[PDB]
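Alright, two takes on the same chain below, each alone as C-alpha cells: structure 1 and structure 2.
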Structure 1
C-alpha cells in the first residue's frame, strides 16, 4: 500500500492552490439532506490505512516517480511529504474527531472531522479526503441494513409478537456480488452490525481484526446448497440430490435451493410427498430451509408458502398469522432489497402469513448496490486559518442549494430534547448544548479511540 498514492490525483496539486500562508485546513464529514445513519467504518480505515508509520522515503520516492509521470511534471510535493517523514517518523500530523462507531445520527450532522495538527501540513487534511470518504460505504451498508432490520422488526413483531431471530432475518449473500475482496469484508462487516447472518467470511476477519468481538459468533451461517449441488445430480435426480443433502445435514439446520427446475414442483411433490418423511422428522433446531431463488420474490413466497402450508401442519400463532411446523422454513435469497423486502413482508402479512416462516437473503443489493449518492456522504472544508486568521469556509452552489456546506469549526451536540445538533462557526464553545459528542479518534498517527464490535452493535441497536 501507499497513502501517497491513495488520493484523487488533482489533490496532489492542491498544496499550491491554497491561500498563501494557510496554517490550518479543517474539514468534516456529514450525511447531507434514510433519516438517521449508522456511523461505522472510520475505525477500519484509520487502523488499516492512516495510523502508524504511513510515510517512508521509499513511498515518497515511488509517489514522485509515478506522479512525475502521471502528470508528466513533478507537481508532486516531496518537500512537504519529507517533512512528515522526519518531524513525525512518517506519522500523519492530523487529528480526527468522530462519533462512536455504531452511532445512529440523523441526517445532516457532523459525523467526523479532520484537521492538520501542524501548520506545515495544512495540505494534509484534504489529501486523505478520498481515503476517508470511502467510509460512505461502510456507513451506507450499515444504515441500509439497519433500515431493513426495522422493516423486519416491524412485521416480525406484529406477526409473532416478539422479535426473536430478528438478528437472523437478513443473510448477507453479497460476497459474489461486491466489487472486490476488501469490499466484501468491509461491506459484510457493516451488515454484521445489524444482523448475525452472513456467508461473506470476509466480514468476520475484518471485525476480529479492526473491531474485535468478545461475543462467540461474530457472524453465523449454516450448511446450504447451491444449484451445482443439485443440478449436478441430473434433472431426473433432483429428489436424490435433496434427500442426499437433508441427510448429510439432518442434525443441523440446512437450506436447500429448489428452483433449479420448477420451484413449485420441488416444494409440492419432492418435499410435499417424495421426501415428506425427511422433513417432519427433523428438529426445530435443525429444520430444512427451503429456498426459492427465482421468480417474482413476492408472488413466489406466497405460492411457496401456500404449497408448503397445504403439505405441512400449519398452526396459527397468537396474533393469528399462519405458521409452518417448527421443522420447516423458507428463505428468499433472490431479488431482495430494501424496497422489495418491504413488499414481501407486507404481502406475507396481507396474506396472513408470519415473518417467522421466512428469512431473507440479500446479496449484491445489500453489500454492492449502494452509492455515496444515497446517504449523501460528503467530506468538506468549513474552517481554515490564514495569517492567524480563522475563516468560516463553505460552498453554496447556486443551482443546487441542497449541496451547501457547513461553515466554521463544528461540534456535535445533544439538543435539550434528545436528538442531535451540529453547531457551526465554532459556536460549540458557547457551551449551551452540553459537550461535544465527537470524541478525538485519531491524533498524530495514533488511534485514540476504538470500539469493540460489541459496542458498535449496542449503539446501532433499534427501538
Structure 2
C-alpha cells in the first residue's frame, strides 16, 4: 500500500552519500520556534503518524524494488541506497532503527522548546534521521490546529465565565465546519481530530474515527453534530411554504437540537411571524436539550448576531442571569458560523458583552479558517539536526547538541542543550521514548490527550 521508501523529499534520497566518513549518528529535533501571539502550543498528532506510517515491518523486498524503479526514473540515475534498505530489512525484519522521544500527547508547552527528537539506533542507518524528517514534520498541522483551537477556547472561556459565572457547555461553543475548506480527505480527518482535543462539535466524523482508531476513548460522545437546515433545502418548498418547511424540520428533529437558517426569505417574517407565533407552540415546547438554533442572516458577524438577538428578544422572554446579562429562554439559541476566525471571534464576543448579551446565547462555527489558511509559519514549526557523531567525535550542527525538556520549581519550561540535561538539572527529562526500533513504546488515550490540553 503506502511505501515509506517513497515518502521523503526526493533530495534526501541521496544523503547516504553526503556525510563524512564514519558518521554514526544524526540527532534531530522539532520545536515551534519563537518569532494573536501563540505563546504556548498543544503537542498533538505524532502518535497518529507513528502508528499509521512508521510502526512494524514497513520495509519489504517488494517496496525496496518499487523505490529503486521509481527513483531510477526520477533522478535519471541510480542513486538509491538499495543496500542500505536491504540491511534494515534483513537486520531488523523491516523495522526502522530510529528512536523518537517526545513530550506527552496533548501537552501544552511554551514556544521555543524541544517537543520531540529523532535519532538512528544503528550506526549503519545514520542517513535515516534525515529521511523520516518529512513524514514527522507534518505533525505541524495537527499541532497548529489543536493550538489555534485552544486559543479560541481561551477567548470563549473568558467571556463565558464573565457573562454566566461558569463554564458549562464550553466544549460545545466552537464547531468545526472545515470539511469542505481543507485540501484532502486525510487532512480533514487529522484536522477534525485536533479540533476535538479542545471541543466536541464537528461535521467531520472522520475525526472521531481517527481518535478511536489511533488513540482510544471512554468518552460516551467524543464528537457530535446536530441536524441543520440550510437555504438549499428550505427554499425548495417555496416562499409560500417556508412555514411548512420550518414546521416540518422542527417536528422531524424534536428530541435533539436543530439549526435552521432564517435568512432564506426574510428573517423578520421568519422570526416574528413564523417562529414568533405561527409555530410558537412548537418552539416553547422544546426541551433545554433540544433547543431551536437560529442561524442569523448574511452580513457583519457581530452586527448580525445582535440583530437576530434583539429581534428574538422582542418576541420571546429574555431574562438577566446572576451576572446581569440578557439570556434567551432555554429552548432558543443562536449559532454564528460565517466569518468567524480567532481575531473576529474576539470582537464578536467582545461586542456581545458590551451589549448585555450573554455568551450562553451563542455558539460559533469555523471552516477553512481553522483547518486551512494555517501553515508551518504560524508557530514557526521547525525541524533541524542539532547533533552529529562523526569519527567518534560528537559535533553540534537553533539549539545545540543533545536536548532535554524540564519544568522548574517555579513552573517554567526550559530546554537544556549540549547534553546539559544529563546533570539532572531541574528534575527529569519531560520527553519520553514513544518509538524505538519499529515499535510504539508509549501511547496515550484521547482522554489523556484532552486532559493534558485542558485550560489552565
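Residue numbers count along the first chain shown, from 1. Superpose the two forms; the largest set of C-alphas matching within 1.5 Å is the rigid core.
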property: Hinge pick from 292, 377, 25, 279, given that two rigid parts rotate relative to each other between structure 1 and structure 2; result: 292
property: Rotation (degrees) of the lesser rigid unit against the larger between structure 1 and structure 2; result: 12
property: Inter-form CA displacement between structure 1 and structure 2 at residue 13 - rigid core frame, Å; result: 1.4
property: Core-referenced Cα shift (Å), residue 239, between structure 1 and structure 2; result: 2.5
property: Angstrom shift of the Cα atom of residue 263 between structure 1 and structure 2 (superposition on rigid core); result: 4.1
